[PDB]
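> Residue numbers (the numbering used here), protein chains in the order written: chain F, 4 to 158; chain H, 4 to 158; chain A, 4 to 158; chain U, 4 to 158; chain L, 4 to 158; chain E, 4 to 158; chain B, 4 to 158; chain Y, 4 to 158; chain C, 4 to 158; chain G, 4 to 158. Just so you know, even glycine gets a beta-carbon here, dropped at the ideal spot from N, CA and C.
1. Run the proximity test for residue 100 of chain L: is its beta-carbon closer than 7 angstroms to any non-hydrogen atom belonging to the ligand FMN?
2. If residue 55 of chain Y sits next to residue 48 of chain Y, beta carbons under 8 angstroms apart, how far is it from one beta carbon to the other, in whole angstroms?
3. Residue range of the alpha helix (DSSP H) that residue 107 of chain H falls in?
4. How many angstroms separate the CA atom of residue 37 of chain H from the CA atom of residue 110 of chain U?
5. Give me, in chain order, the residues of the same chain whose beta-carbon lies closer than 6 angstroms to that of residue 23 of chain A; leave out the 5 immediate sequence neighbours on both sides.
6. Quick one: Cα of residue 69 of chain F to Cα of residue 8 of chain B, how far?
7. Which stretch, first to last residue, makes up the alpha helix (DSSP H) that contains residue 17 of chain B?
8. Please classify residue 124 of chain A as buried or exposed, where buried requires at least 16 other C-beta atoms within 10 Å of its C-beta.
9. If you pair each beta-carbon of the region 105 to 120 of chain Y with each one of the region 103 to 118 of chain B, do three or more pairs fall below 8 angstroms?
10. From the DSSP output, in three-state form, read off residue 70 of chain L for me.
11. Could you round the C-beta distance between residue 152 of chain U and residue 142 of chain A to whole angstroms and report it? I think they count as a contact, below 8 angstroms.
12. Taking C-beta pairs closer than 8 angstroms, name the residues in chain Y that residue 94 of chain A reaches, listed in chain order.
13. Could you give the distance in angstroms between the alpha-carbon of residue 86 of chain H and the alpha-carbon of residue 119 of chain F?
14. At a CB-CB cut-off below 9 angstroms, which residues of chain C make contact with residue 58 of chain E?
15. Is the CB-CB distance between residue 150 of chain B and residue 144 of chain Y below 8 angstroms?
16. With three or more C-beta pairs closer than 8 angstroms as the rule, is the region 70 to 81 of chain H touching the region 12 to 26 of chain H?
17. Leaving aside the five residues before and after residue 93 of chain Y along the sequence, list all residues of the same chain whose C-beta is less than 8 angstroms from its C-beta, in chain order.
18. On the criterion of 16 or more Cβ atoms from any shown chain inside 10 Å, does residue 104 of chain A qualify as buried, or is it exposed?
19. Can you tell me whether residue 45 of chain C is buried or exposed, with buried defined as 16 or more other CB within 10 angstroms of its CB?
20. Rounding to the nearest angstrom, what Cα-Cα distance links residue 158 of chain H and residue 52 of chain U in this structure?
21. Beta-carbon within less than 6 angstroms of residue 34 of chain F's beta-carbon, same chain only, minus the 5 sequence neighbours each way: which residues are those?
22. Taking the C-alpha atoms as reference points, what is the distance between residue 140 of chain G and residue 89 of chain H?
23. Of all Cβ atoms in chain C, is any one closer than 8 angstroms to the Cβ of residue 50 of chain B?
24. What does residue 41 of chain A touch in chain H if you count any residue whose Cβ is under 9 angstroms from its own?
25. Between the Cα of residue 12 of chain C and the Cα atoms of C:133, C:98, C:73 and C:137, which residue gives the shortest distance?
26. According to DSSP, residue 144 of chain C sits in a beta bridge with which residue or residues?
27. What did DSSP end up calling residue 86 of chain C once you bin it into helix, strand or coil?
28. Identify, in the order they occur along the chain, each residue of the same chain with its Cβ nearer than 6 angstroms to the Cβ of residue 59 of chain E, setting aside the five sequence neighbours on each side.
29. Got a sec: which bits of the region 75 to 94 of chain F sit with their beta carbon under 9 angstroms from any beta carbon on chain H, in order along the chain?
30. Just to confirm, is the Cβ distance from residue 5 of chain E to residue 25 of chain C under 8 angstroms?
31. Following the continuous alpha helix (DSSP H) through residue 49 of chain F, name the residue where it begins and the one where it ends.
32. May I ask you to report which of helix, strand or coil DSSP gives residue 31 of chain Y?
33. Taking only beta-carbon atoms, is residue 115 of chain A less than 8 angstroms away from chain F?
34. Relative to the C-alpha of residue 32 of chain G, which candidate in C:10, C:91 and C:115 has its C-alpha closest?
35. Measuring only between beta-carbons, confirm whether residue 126 of chain E sits less than 8 angstroms from chain G.
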């Protein structure tokens, strides 16, 4: 599978994608209709973090009026990473980084307690975000991280 | 409420906690028996990231054979942060960081799309981890991030 | 709501805004005349840190002779962050960074003493700057940070 | 006036002060009784960021049961800086850092618009934090930053 | 399984281990006799990067005259990371870092071409080093990185 | 031998090479046809990390429709380095960095035990990656680092 | 007064200024002939670190054949900072950085001894450089830093 | 001359020097009585940045009641540097760093204009600090940097 | 003497210089013919690290067919520094950094022993590299660093 | 050969070495009597950067009155690196770093011109420093770096 060596080409496309998305006043959910894939995956791809299968690449390119060059580049594996600074400054992204900063030691401790030595995978991995009401007024976001346990065993 | 200016004295207590835990071969779940609180919160408190209410601090110090000085220190608010390096080197913790590194801009975009401008809070926030079977053989971790949406409104 | 994956397209608009502002010899106060919003919020929005509602975006656009593409982009939520390096070199901004560096631990200590565990929010939050006379001669700036207390409670 | 060349010897006193404070269940407000100085300044001094005049040093040393060496060290000017990393990990401190990250360019812009070229001082400067009720439920912190304007004039 | 929250308790043991090794003039191969484990894994464990099963912990402890406290700690999962700076200064370690700096983009490209999107695991993974002669005089090291391919598939 | 002072010019050529590669749907193995050189070396050269001999340079230029300016720049020694950030964010690349992070001290210890004082060369060095079917289902990557032992030695 | 949010716009003007200065073989002293201001202040302005008053900006524009847009931009307050890297690589600039690196703690100690707690201002501040003969042959630079003392007084 | 390889033994001595100086309530000017050397040089030596000739070392040790070990250590050349973080956080020291930050490019430009290519030395160099009254009220510090010009000539 | 403010206009010339040297397949020694200056100085100047006297500037300009704007710019003093990252990643440059990293404290200790307190100058300094045969087959590089000794004397 | 995992144990020995050296008023040259090794290698070993053969280790220990444990520690391979900050602040060391900063790209260029692709090794490497007179008065240091050329050949 084709892969990218640098972010520059996939970043240029992402700017074009965002330009068309705003110009047409489209939501990611609207862009994702007809892909057969999850919104979180296709939104990540459009923001340059995943390749798309051909059918998904052509349906988003149809809604955004993108040409064939964009369809080919959407199918290429990018050089991944949404936070080049390592630690974000944007408050929305920072809160998610802060969750890991606070509970990082706890998540390691409980993973080792309930699963054993090793990791929870970030590749054999799926992500979901859901809007639920708050019983005391307002809304909450439930973000589900679903990762395979990979054990570390002596060899 | 009493607060700490540094992480060191709470780190010294954390070292005493982990030593007693290893010496007694105790799980965090067993230590959490009878607190009335979530295992994620209490484990984080033991690892120096949270204060404990008095009843929970006494019940943990009783299991770990800790003195009254530990009881008072467990009730003090710490200077928080489980990853002083900013980005972890430990693979288990790094995977959670990588989840944010990869999906950080996607989470921002989808939060703004489904909620609006603002953030998902990391303070009005609860964390949970559950072990589920993998349909293709193996174990999976389902980590749930549950935060309040705080809107950014023009003023 | 429309969001921006990175700030350079908003940076380019910010460059155009500042260029029009200098050429027309305009103050932010004059630009803000018909927005119906606070000068602090709208100046930040012009500098790429906030979106504007449509009608407020149109009134700064009429002042600065910006086109409809600028009106659409001004309404988009940016990737926030006004200090790229994390630490400013500019003396004016640095003094505000220095206030946090000097009194940061005091602010935490007194928040915990007077409110309890948790944070003062930087999202449910309003900023104001006011010029007052100095009794000994000269002028002083009174900057008001007004943030909601969000408690950290055991769960 | 006596001054210090490093953080360490003042850090050791700050550790002793915080240890005695927690062991005696004292608030910073109770420690500040009789000093004739503001809670924000004295709290900062106890946390290593300011010297205290002799009478203030003796009354906090009596309340905390500190010896004559502590009185002298409390009157010494420290090497200042409450955030050694430059960027805090603690959420309570981080929020104030975030306020500067977001509004830093705005603060500079309005300082130059409303005052002129130059800075708002961080030395000819006072800080206050006040707890007020939020009209819609809860509490808010009103943090006031009050600094002298120092002009930059051509020479 | 017991885990550790930071380096120091294993760091202290690692120094004790190294001190005894140098005093007894032992090789890692000699220390590893009878464990049934690979020399690279056990050496890594002794250097504080892996836990050991009880049999291997008691075996290495017998060869180094370590007490039962060391046996228990050698069975605990450490906070992993052998290069705290992230980039080493030691030339011997730096050469392996240089290999990744030079061929990093190549390995990504060839992994995606030959395997597909995804990663080569560093957890489902074993390391080996072998000494072979150089056909033009001298010796060469053959280091084998053996990791499981984890695909990234659209979801 | 001609060498480049920066990454800029060689980066522009890599963009053109990757664009031609994606457009023609070519593998690095297809581009490597009839060069007589290993796929890892030529791929690294195409990615701007090595110069190519004129014959190989003309071969891959023919298959990618590159002009004589590309033939000449492919023969120049670049300013090497594939990971500008020092630590990668891309998960595929990061896994290889993590192997050095975890096992770096072990590789140093075993190099010194099995060879002596000195280094395993990153210059007198060849890399190879092979796909090896994994026994438990799936595939494994066996990556071999083959470097010459260069002794460090009193003088 | 008009202010700038980024370094680049004045950076472009500085490049224009330097290009015109080199083409005309002018010294900063010649350019400063009719400004009515100090050489050190005006040179810093031309290098993008200060605004010029209107009549002084028109003098330097006449010497350098700059247009009215340059005159306007020269009167805008910049985002200040001449060493974006924080520490310079240039040897001429580095020597001044090194004087502060070496004598920084001494300057603090003697400021506190001779003035009291507080700072020597960098805003109420003038700089001067003078060339004097060295008694042992050669030349010396005498750089004078002249800053107002701002006390830190308890409040 | 005896030189020091790291800060620590000179660090500990500096701690002892400052401990005795505060306990005796001494000034650096009093400690410097009878050295025949400048206050800035001797203060920097006490702060770990310079060696002292034996007779100067013995008189500062006699004022502080230090032993013969301190006298020998004071004569050794330290590993120099008063700001280990590269950029200071202390406000008094930061102002001098900011001076170089703002005027660094101006100093280089006027050195090359008035002297030529090369540097103003930080080694063939003297520093002086002087307190003078401000005509408008208050006090000012006049810091003199006096360095030899060393040219860069083509060779 | 004409000086520069930033790297880029001289960087643009260095790109043009390097582009012409590759297209003409010239060596630096060939470009240096008839300059009267050493290859090490003129190579550095062509790489943007030094100014050239006018004759040397016109000579290299005729060799690479550059205009009079390049001749004048080549006579300007640049903002020096060949490694913007501070630490190189290119292996060829890194080895020279490694030499200082490994032997830096030794050079300091031996400079102080054989010369005294102070420095070996990097400005009153000449560099030379020569190729010599290795008695065991192959070739060695003998790089000579020739710097004036500048003493640090008490003042 | 025995090797060490961290710098601390050898750092403690280096501290003891320097203490005895200063206490005995010894030069590195006098400590190096009878080793049959060059001053630069043994000095670096004493500073924790190289191991010593048994005989050389015993002679420096007899000169410095170190015990048998120091003789064994002196024979172990350290974790190398004399500049933990990456870039030194000490002026004597910084000058040598500045030589590479300035001439780094020149050294690479001339190495590739005179030798070919590849490196000049820092392991098959010898360093020397000699004091020669300056024809204009004073002394100069001639530091010779003698490294084997290792080519990068296509494979």
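This is what the structure holds:
1. The ligand FMN is not among the ligands present in this structure, which contains no ligands whatsoever.
2. The residue labelled residue 55 of chain Y in the question sits at position 52 within the eighth chain. The residue labelled residue 48 of chain Y in the question sits at position 45 within the eighth chain. Sure, about 5 angstroms apart at Cβ, within 8 angstroms.
3. The sequence position of residue 107 of chain H within the second chain is 104, counting from 1. From DSSP, the alpha helix (DSSP H) with residue 107 of chain H extends over 94 to 117.
4. What you label residue 37 of chain H is simply residue 34 of the second chain in a count that begins at 1. What you label residue 110 of chain U is simply residue 107 of the fourth chain in a count that begins at 1. Those two C-alpha atoms are separated by around 51 angstroms.
5. In the third chain, the residue the question calls residue 23 of chain A occupies position 20. Same-chain partners within the cutoff: 67.
6. Counting from one through the first chain, the residue named residue 69 of chain F turns up at place 66. Counting from one through the seventh chain, the residue named residue 8 of chain B turns up at place 5. Cα to Cα, the separation comes out at about 34 angstroms.
7. Working through the seventh chain from its first residue, we reach residue 17 of chain B at position 14. Start and end: 11 to 27.
8. Here residue 124 of chain A is taken as the residue at index 121 of the third chain, counted from 1. Label assigned to residue 124 of chain A: buried.
9. no
10. Locating residue 70 of chain L in the fifth chain gives position 67, where the first residue counts as 1. If DSSP states are grouped into helix, strand and coil, residue 70 of chain L belongs with coil.
11. Locating residue 152 of chain U in the fourth chain gives position 149, counting from the first residue. Locating residue 142 of chain A in the third chain gives position 139, counting from the first residue. Separation of the CB atoms of residue 152 of chain U and residue 142 of chain A is rounded to 5 angstroms, and the pair is thereby assigned contact status at 8 angstroms.
12. Within the third chain, numbered from 1, the residue matching residue 94 of chain A stands at position 91. Within chain Y, the residues near residue 94 of chain A are 101 and 105.
13. Within the second chain, numbered from 1, the residue matching residue 86 of chain H stands at position 83. Within the first chain, numbered from 1, the residue matching residue 119 of chain F stands at position 116. Each residue's alpha carbon lies about 21 angstroms from the other.
14. For the purposes of this step, residue 58 of chain E is taken as residue 55 along the sixth chain, with counting starting at 1. None at all; the shortest Cβ gap to chain C is about 17 angstroms.
15. Within the seventh chain, residue 150 of chain B is the residue found at index 147, counting from 1. Within the eighth chain, residue 144 of chain Y is the residue found at index 141, counting from 1. A contact, by the Cβ cut-off of 8 angstroms.
16. yes
17. Stepping through the eighth chain from its first residue, residue 93 of chain Y is reached at position 90. So no residue of the chain qualifies.
18. Position 101 of the third chain, counted from the first residue, corresponds to residue 104 of chain A. The residue is buried, with at least 16 neighbouring Cβ atoms inside 10 Å.
19. As a working note, residue 45 of chain C is residue 42 in the ninth chain. Under this definition residue 45 of chain C is a buried residue.
20. Your numbering for residue 158 of chain H matches position 155 in the second chain. Your numbering for residue 52 of chain U matches position 49 in the fourth chain. Each residue's alpha carbon lies about 35 angstroms from the other.
21. Residue 34 of chain F sits at position 31 when you count from the first residue of the first chain. So the qualifying residues of the chain are 63 and 66.
22. Against the tenth chain, residue 140 of chain G aligns to sequence position 137. Against the second chain, residue 89 of chain H aligns to sequence position 86. The straight-line gap from Cα to Cα measures roughly 53 angstroms.
23. Along the seventh chain, read from residue 1 onward, the residue named residue 50 of chain B stands at position 47. Residue contact with chain C for residue 50 of chain B: present (Cβ-Cβ distance below 8 angstroms to some residue of chain C).
24. As a first step, residue 41 of chain A must be located in the third chain, where it is residue number 38. Simply 157 and 158.
25. Your numbering for residue 12 of chain C matches position 9 in the ninth chain. Of the candidates C:133, C:98, C:73 and C:137, the residue whose Cα lies closest to the Cα of residue 12 of chain C is C:73.
26. As a position in the ninth chain, residue 144 of chain C is number 141, starting the count at 1. Bridge partners of residue 144 of chain C: C:134 and G:150.
27. Counted from its first residue, the ninth chain places residue 86 of chain C at position 83. Note: residue 86 of chain C maps to coil in three-state DSSP.
28. Against the sixth chain, residue 59 of chain E aligns to sequence position 56. The answer, listed in chain order, is 38 and 40.
29. Within the region 75 to 94 of chain F, the residues whose Cβ lies closer than 9 angstroms to any Cβ of chain H are, in chain order, 83, 84, 85, 86, 89, 90, 91, 93 and 94.
30. For the purposes of this step, residue 5 of chain E is taken as residue 2 along the sixth chain, with counting starting at 1. For the purposes of this step, residue 25 of chain C is taken as residue 22 along the ninth chain, with counting starting at 1. In this structure, residue 25 of chain C lies closer than 8 angstroms to residue 5 of chain E by Cβ.
31. Here residue 49 of chain F is taken as the residue at index 46 of the first chain, counted from 1. Where residue 49 of chain F is concerned, the enclosing alpha helix (DSSP H) stretches over 42 to 49.
32. Numbered from 1 along the eighth chain, position 28 holds the residue referred to as residue 31 of chain Y. Three-state result, residue 31 of chain Y: helix.
33. For the purposes of this step, residue 115 of chain A is identified with residue 112 of the third chain, where counting begins at 1. By this cut-off, residue 115 of chain A is not an interface position.
34. Locating residue 32 of chain G in the tenth chain gives position 29, counting from the first residue. Closest by alpha carbon: C:115.
35. Sequence index remark: in the sixth chain, residue 126 of chain E carries index 123 (1-based). At a cut-off of 8 angstroms, the C-beta of residue 126 of chain E has a neighbouring C-beta in chain G.
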